[PDB]
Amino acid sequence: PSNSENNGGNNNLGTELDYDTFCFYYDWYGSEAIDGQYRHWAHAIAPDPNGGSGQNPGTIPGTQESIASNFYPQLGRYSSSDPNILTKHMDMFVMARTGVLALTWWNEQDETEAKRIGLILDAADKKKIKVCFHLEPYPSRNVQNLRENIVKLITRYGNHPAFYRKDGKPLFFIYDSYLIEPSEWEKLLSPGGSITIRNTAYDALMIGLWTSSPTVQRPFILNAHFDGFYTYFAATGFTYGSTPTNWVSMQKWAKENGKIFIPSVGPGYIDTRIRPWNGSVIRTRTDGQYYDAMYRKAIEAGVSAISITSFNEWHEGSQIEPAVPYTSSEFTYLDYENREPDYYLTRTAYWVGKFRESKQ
């Protein structure tokens, strides 16, 4: 039958979703019609951190001609609140074989965000996609309000059929987890911690961000009691963790220490519309060869799970979401070159298959 890729049957077609593949997803885009503003398509231009005083770097206005990306979405200046966009995104996840949507989460305590989360869970479930949360560095984030928010999310969403579980446990990615000391993390994540989630209804796999050298990160991960670690950055060499020649040794350490390594792979990086001074971090896509090289390194490292940066971080040029050629009176956007708009979706499906072929 139609749309039976993920029906719960015995298919061996090489088209199934992979539930150890986590794709970072952003629900912060708006349209004037649905959200009141072209949210995130309009974006502040960041000042140069080395550029000194008197910078009025200005804004990108989020007009049709001028959006806060070096690329241009096939779906245009879409609203993340539009259920018809969300359906299309879930079909794209099915095409890419990415079984887990890792949703940015900013503690907005806003009804419009609660609506989005529920729409995303419902749309994902229709396609047998799962959702987990990517806990961002919201103001005054600390282990106590993280616990309260983990309790809220598991209580609100834990019965939803799309809520992700691995061996019965939810999973969270914690962005910039280094902004919190190991001694604070211990309270939440050690079985002995004063506010532990271990052995509670709110227990979860907690995946911290490995940034710098092993001498710093190994004791950080152990002393913080994270269950595993990810690397996030799509730009190779931005950090030690995002340098793929380190992934074999990072995996060896993870396996020795009972930790889950979820390296992050991406198809390229460019953020110079919003960060004009950040050109050193550009990584060119070269018609897919960059994505291929990074995905191959992750698979060769022997990991059990892979994360993809990103579905739709359009500001950072890491998206696998379809992009189209566009030249406006105001900017000539980058595009997928000699590849079709859906190439990064179907190339993701290819790599998911190689990952599964190798997988434990």
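Residue numbers run from 1 along the displayed sequence.
Note on 37 to 45 vs 305 to 313: mean CA B-factor is higher in 37 to 45. Comparing 350 to 358 with 1 to 9, the higher mean C-alpha B-factor in the PDB entry belongs to 1 to 9. Per the deposited record, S213 carries the highest C-alpha B-factor of all listed residues (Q74, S213, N149, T104). Based on the entry's C-alpha B-factors, the most elevated value among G266, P161, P137, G288 belongs to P161. When all modelled residues of the chain are sorted by CA temperature factor, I320 is found within the lowest third.
Per the deposited record, the Cα B-factor of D122 falls in the middle third when ranked against the other modelled residues of its chain. Among the modelled residues of the chain, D167 sits in the highest third by CA temperature factor in this PDB entry. The PDB entry assigns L222 a C-alpha temperature factor belonging to the highest third of its chain's modelled residues. The PDB entry assigns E330 a C-alpha temperature factor belonging to the highest third of its chain's modelled residues.
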